[PDB]
Each structure stands twice: as C-alpha cells, then as structure tokens.
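**Student:**
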Amino acid sequence: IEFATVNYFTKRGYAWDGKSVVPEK
Amino acid sequence: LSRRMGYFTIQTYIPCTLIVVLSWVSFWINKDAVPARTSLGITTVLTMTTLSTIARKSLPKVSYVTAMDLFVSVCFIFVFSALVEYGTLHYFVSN
Amino acid sequence: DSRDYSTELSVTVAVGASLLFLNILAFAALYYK
Amino acid sequence: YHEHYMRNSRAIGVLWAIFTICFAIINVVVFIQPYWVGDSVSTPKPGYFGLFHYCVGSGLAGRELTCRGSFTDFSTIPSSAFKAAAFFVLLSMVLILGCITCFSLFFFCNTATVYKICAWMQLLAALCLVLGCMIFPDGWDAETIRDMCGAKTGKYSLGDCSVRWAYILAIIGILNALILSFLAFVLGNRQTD
Ligand SMILES: CCCCCCCC/C=C\CCCCCCCC(=O)O[C@H](COC(=O)CCCCCCCCCCCCCCC)COP(=O)(O)OC[C@@H](O)CO
Ligand SMILES: CC(C)CCC[C@@H](C)[C@H]1CC[C@H]2[C@@H]3CC=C4C[C@@H](O)CC[C@]4(C)[C@H]3CC[C@]12C
Ligand SMILES: CCCCCCCCCCCCCCCC(=O)O
Ligand SMILES: CCCCCCCCCCCCCCCC(=O)O
Ligand SMILES: CCCCCCCCCC
Ligand SMILES: [Cl-]
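Top to bottom, those sequences are chains C, H, F and B.
Position one of the first sequence corresponds to residue 329 (UniProt numbering), numbered consecutively onward.
Position one of the second sequence corresponds to residue 268 (UniProt numbering), numbered consecutively onward.
Position one of the third sequence corresponds to residue 668 (UniProt numbering), numbered consecutively onward.
Position one of the fourth sequence corresponds to residue 11 (UniProt numbering), numbered consecutively onward.
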C-alpha cells in the first residue's frame, strides 16, 4: 500500500539517466 | 456446541479481505503501466486461488455452499472483476 | 405464550405507514412548483 | 428563488437516499427473518416459515421448534415456488444494494443519469419483490407446509395459519420501492430545471 501511495505522486514516467545532473530544490 | 472463530478470522477472512484490497490497488496504479497492473491483478487472482484451498480442509465434501465458501467466492469474484475491469479499460483506451 | 399477532402487526403497519407518509411528504415537496 | 430550488432539490435527494437505505434495510430484514406466515390457535402444530427457512414444533406441549431450511442449500427449501420467491427477493436486494453502491457515482457522473439509474434499478427491485410475493403463496401446497398449517391450506389458500409481520413488511417494501423509483425519476428530470 505504501508503494501504491508513492506511485500515486510520481510525475515523470522515466527514471534518472545517470549523466544528467539533478538541480536540487 | 458452538464453533470458535479465531482460526477462521486470522487465516481466511482477513487474508481474503486484504487480497481484495490489493486487487483494488490496481485502480490507483497509473494507466499505461500495463505489466504492473496485469501482474498485480493476475497474481492477486493466484493468491486468492491459493487461499480458497484451505477453506474446506476442516469440512467433509458436502455438496452445498457454506458461509466461508460464499465469502471466499465473493472475494474471488471481486478480484476477477478488478482484473477484467482493467482489461476492458486498456482495450478501450488503446483504440 | 399468547399465540396472537396483533400488536406486532400493529407496530409493523404503524412504521410502514410512517415511512410511506414521509415519502408522500417528499412528493409534496417535489411536485409543488 | 434559484437558491431555494437548489436547497430543496439537495435536501430531497438526501432524504431520498436515506429512505433508499431504509428500504434496503427492510429488504434485507424480510429476506432473512423467517416470519412470513405463522401458526394460529386452530393450527395442529406450532411454527412459522419465511421464503426458504421454516421452523416447526414437535407437538409435546413444548416449543422444541426444530428449524430447517436455507437459501444456500436449495434442497432444503420445501417447494419450487419457495425457491423462485427467495431468488426474486434476493435479486431485489442485490438491485437495491447496487443502487446504494451507485450513490457514489454522483461524484463523477451527471446527477440526472445517476438519479435515473437508481430510478430504473429501484423499479426493477420493486417488480422483483412483487414477483416474489406473488410466487411465494404457490408453495403453500407443499407437504410440510400443509402438515404444519393443516389440510385446508393450498395454492393461494392460507387456511388456518396467519400472515406475520415479514409478509406485510414486504408489501410495504414493494410500495416504498415503487415510490422511491418514481421519486428518483422526477428528481432526475427536475434537476435540469
Ligand atoms: C448503514 C448504511 C450505510 C450505507 C452508506 C453507503 C455509502 C454509499 C457511498 C457513498 C455515499 C456518499 C456519496 C455522496 C455523493 C454526493 C456528491 C454531490 O453532492 O454531488 C453534487 C450534487 O449533489 C446532489 O445534488 C446529489 C444529492 C444526492 C446524494 C445522495 C447520496 C447521499 C448519501 C449521504 C449519506 C447520508 C447518511 C446515511 C447514513 C445512514 C455535484 O457533484 P459535482 O458538481 O462535483 O460533479 C458531479 C457531476 O454532475 C459533474 O462532475
Ligand atoms: C455487489 C453489491 C452491490 C451487492 C452484493 C449482494 C450481497 C450482499 C448478497 C449476495 C448473496 C447474498 C447471500 C445469499 C444467501 C444467504 C443465505 C442466508 O441464509 C443468509 C443471507 C445470505 C448469506 C446472503 C447475504 C447477502 C448476499 C451476500
Ligand atoms: C483500495 C485502497 C488503495 C489505496 C491506494 C492509495 C493511493 C492513495 C492516493 C491518494 C493520496 C491522497 C491524494 C490527496 C489529493 C492531492 O493530490 O492533493
Ligand atoms: C469472454 C470474456 C473474455 C474477457 C474479455 C475482457 C475484455 C473485453 C473487452 C470488451 C469486448 C467487447 C468489445 C467488442 C468490440 C468489437 O466489436 O470488436
Ligand atoms: C438492525 C438490523 C440491520 C439489518 C442490516 C441492514 C443492512 C443495510 C444495508 C445497507
Ligand atoms: Cl442459511
């Protein structure tokens, strides 16, 4: 159920690609 | 004589209810996550099938439904309906 | 045991008439333009 | 005037849902409780019977009401008429529970559509209840029902026994179901204004 709740709030369908730098918020 | 229900509550009713809730969880998974929802539905059906086997261990092979058999059958209908619902949704959204 | 069923039927008819009359009040609130 | 009409429609819808829940309670109670017909002073044996269940007395100046029958096992039902009536009452109960489930559709679907959906489903529940109440007396000619009530009983022939609270409550449920169906129809056709 926790995973279901987590997935409900996932916006993008693609994961991190490694090379791209993540601008932290 | 009156039967006690701790066994049947812990081992049959609560597991069946929770498997039904997990079948409901498929509705909240995002559409187009077809492998996830299909696996969830079909494996919930498999788990319900496994759970329905231990219902009749105590009983003889009586040829009528009991309350426990009715409950397990209704839960199986619910998970089956959830899987068929997602199948219909995917078919009508693809085209 | 007194094998008669009048008070039971009396209360049954009473509650039935009460619910029915409530529904007729619903009609009265409805059809009234 | 518009706010008055909106408040009246909302309140009438809420009360209609409340009465729908009440009718569902009535349908469940009449389906379960075995008090459709009852013994009388002239009855040779004491007991009663519902749609499918039946309790009869042994006849030794004591209750000892041996109880047999169950919808879940159709073999125990005395007659095919009783089986058909019990099935129809169950179908009516399923229909009204379906509308109580469809109350949730007011969140998403248009109010007229949901109102008319429960209007038709309550109408069908009412017709099923009528069919059950009409078919249930046909089984009074069953051998066990005749044994309990007496030889005077028969198809549409009450004889010595008496109708108990469950049968009259079922008739009240028929009336309430038809009324709720009409109320739902008019509410669906009225909310458009
Ligand atoms: C022990 C027995 C337990 C049985 C209980 C079973 C529980 C059954 C499930 C849910 C009930 C709650 C459902 C609430 C739904 C009500 C939601 C609601 O009010 O909707 C508005 C209309 O209002 C309306 O006039 C509709 C009015 C009719 C609502 C009828 C249901 C009222 C239920 C209230 C409960 C009463 C207390 C009962 C406890 C005993 C408009 O909407 P909205 O513009 O956003 O878009 C709709 C579309 O048209 C456009 O998107
Ligand atoms: C899907 C939703 C809308 C409706 C569900 C209908 C449910 C509540 C109905 C369908 C079958 C019904 C059961 C059918 C037979 C019996 C045997 C009887 O001796 C007690 C009631 C009992 C155990 C019923 C209880 C209610 C029941 C479980
Ligand atoms: C059958 C129950 C399954 C449980 C599914 C859990 C997913 C819950 C998702 C809803 C989270 C709350 C949403 C708040 C609304 C908002 O976005 O602000
Ligand atoms: C026998 C049931 C199998 C399970 C079917 C689940 C998904 C069915 C989707 C709807 C099928 C009906 C649509 C027919 C459209 C057409 O004419 O091709
Ligand atoms: C007091 C007896 C209660 C019987 C159950 C009512 C069921 C309502 C279904 C919504
Ligand atoms: Cl039973």
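No residue lacks a Cβ here, since even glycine has one placed at the ideal position from N, Cα and C.
Compare the Cα-Cα distances from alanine 91 (chain B) to each of B:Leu188, B:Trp175, B:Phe146, B:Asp151 and report the closest residue.
**Tutor:** Nearest option by C-alpha distance: B:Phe146.
**Student:** Pairing CB atoms from the segment 84-104 of chain B with CB atoms from the segment 344-362 of chain H, are three or more of them under 8 Å?
**Tutor:** Because the criterion of three Cβ pairs below 8 Å is not met, the segment 84-104 of chain B and the segment 344-362 of chain H do not touch.
**Student:** Considering only heavy atoms of ligand 5, list every residue whose Cβ is less than 5 Å from one of them, following chain order.
**Tutor:** Result (chain order): B:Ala34, B:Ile35, B:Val38.
**Student:** Which residues does DSSP pair with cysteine 77 (chain B) in a beta bridge?
**Tutor:** Beta-bridge pairing links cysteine 77 (chain B) to B:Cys65.
**Student:** Taking only beta-carbon positions, decide if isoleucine 286 (chain H) is within less than 9 Å of chain A.
**Tutor:** The chain labelled as chain A is not found among the protein chains of the depicted structure, namely C, H, F and B.
**Student:** What residues match up with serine 167 (chain B) in a beta bridge as DSSP calls it?
**Tutor:** B:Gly164.
**Student:** Check the Cβ-Cβ distances between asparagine 297 (chain H) and every residue of chain C, and say whether any is below 9 Å.
**Tutor:** Closer than 9 Å to some Cβ of chain C, the Cβ of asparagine 297 (chain H) qualifies, so yes.
**Student:** Kindly indicate which three-state DSSP category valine 360 (chain H) falls into: helix, strand or coil?
**Tutor:** Reduced to three states, the DSSP call for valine 360 (chain H) is helix.
**Student:** Under 8 Å, with one C-beta from each stretch per pair, do the segment 106-115 of chain B and the segment 146-164 of chain B reach the 3-pair mark?
**Tutor:** No: the two stretches stay apart, fewer than three of their Cβ pairs being nearer than 8 Å.
**Student:** Using a Cβ cut-off of 9 Å (strictly closer), state whether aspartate 83 (chain B) contacts chain H.
**Tutor:** Chain H contact via Cβ: present.
**Student:** Give me the residue from B:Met144, B:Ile36, B:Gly57, B:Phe62 with the minimum Cα distance to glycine 72 (chain B).
**Tutor:** Closest by alpha carbon: B:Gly57.
**Student:** Is residue 367 (chain H) close to chain B? Criterion is C-beta to C-beta, closer than 9 Å.
**Tutor:** Because chain H is modelled from 268 through 362, residue 367 (chain H) falls outside the range shown and cannot be assessed.
**Student:** Collect the residues with a C-beta less than 6 Å away from any heavy atom of ligand 4 and give them in sequence order along the chain.
**Tutor:** Counting every residue whose Cβ lies closer than 6 Å to a heavy atom of ligand 4, we get H:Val351, H:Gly354, H:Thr355, H:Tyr358.
**Student:** Going along chain C, which residues have a C-beta under 8 Å from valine 292 (chain H)?
**Tutor:** The contacting residues are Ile329, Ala332.
**Student:** Strictly closer than 5 Å from CB to any heavy atom of ligand 3: give me those residues in the order they appear in the chain.
**Tutor:** Chain-ordered list of matching residues: C:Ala332, C:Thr333, C:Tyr336, H:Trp291, H:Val292, H:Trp295.
**Student:** Go through its chain and collect everything with a Cβ distance to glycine 108 (chain B)'s Cβ below 8 Å, but skip five positions before and after it.
**Tutor:** Taken in chain order, the residues that qualify are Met131.
**Student:** Could you list which residues in chain F have their beta carbon closer than 9 Å to that of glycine 48 (chain B), in chain order?
**Tutor:** What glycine 48 (chain B) touches in chain F: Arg670, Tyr672.
**Student:** Pull up the CB-CB distance for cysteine 171 (chain B) and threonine 53 (chain B), whole angstroms please, since I reckon it's below 8 Å.
**Tutor:** The Cβ separation is near 6 Å, so the contact holds.
**Student:** To the nearest angstrom, report how far apart residue 363 (chain H) and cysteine 128 (chain B) are at their CA atoms.
**Tutor:** Examination of residue 363 (chain H) is not possible in this model, given that chain H is present from 268 through 362 alone.
**Student:** Is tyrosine 342 (chain C) close to chain H? Criterion is C-beta to C-beta, closer than 9 Å.
**Tutor:** Not an interface residue.
**Student:** Under the rule that 16 or more other beta-carbon atoms within 10 Å means buried, what is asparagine 186 (chain B), buried or exposed?
**Tutor:** The residue is buried, with at least 16 neighbouring Cβ atoms inside 10 Å.
**Student:** Which residue's Cα is closest to the Cα of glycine 23 (chain B): B:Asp203, B:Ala194, B:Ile181, B:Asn199?
**Tutor:** Comparing Cα-Cα distances from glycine 23 (chain B) to each of B:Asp203, B:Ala194, B:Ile181, B:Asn199, the minimum goes to B:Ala194.
**Student:** Classify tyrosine 672 (chain F) as helix, strand or coil using the three-state DSSP reduction.
**Tutor:** The answer is coil: DSSP assigns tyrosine 672 (chain F) none of H, G, I, E or B.
**Student:** Alpha carbon to alpha carbon, what distance is there between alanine 34 (chain B) and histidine 14 (chain B)?
**Tutor:** Taking the straight line from one Cα to the other gives about 30 Å.
**Student:** Output the distance between the C-alpha atoms of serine 306 (chain H) and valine 350 (chain C), rounded to the nearest integer angstrom.
**Tutor:** One C-alpha to the other measures close to 32 Å.
**Student:** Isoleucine 286 (chain H): which of H:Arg323, H:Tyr353, H:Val341 sits nearest, CA to CA?
**Tutor:** Checked all of H:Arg323, H:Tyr353, H:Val341; the closest Cα to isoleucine 286 (chain H) is H:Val341.
**Student:** Consult DSSP for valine 351 (chain H) and reduce its assignment to one of helix, strand or coil.
**Tutor:** Here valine 351 (chain H) sits in helix by DSSP.
**Student:** Any residue with its Cβ nearer than 7 Å to a heavy atom of ligand 6 should be included. What is that list in chain order?
**Tutor:** Spelled out in chain order, the answer is B:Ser80, B:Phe81, B:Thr82.
**Student:** Is the beta carbon of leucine 139 (chain B) closer than 9 Å to that of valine 99 (chain B)?
**Tutor:** Cβ atoms of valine 99 (chain B) and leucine 139 (chain B): closer than 9 Å.
**Student:** Considering only residues of the segment 99-125 of chain B, which uninterrupted alpha helix (DSSP H) runs meet the minimum length of 4 residues and lie entirely inside it, listed in chain order?
**Tutor:** Listed in chain order, nothing qualifies, since the segment 99-125 of chain B has no complete alpha helix (DSSP H) run of 4 or more residues.
**Student:** Taking contact to mean 3 or more Cβ pairs, one atom from each stretch, closer than 8 Å, check whether the segment 35-54 of chain B and the segment 165-184 of chain B are in contact.
**Tutor:** Because the criterion of three Cβ pairs below 8 Å is met, the segment 35-54 of chain B and the segment 165-184 of chain B touch.
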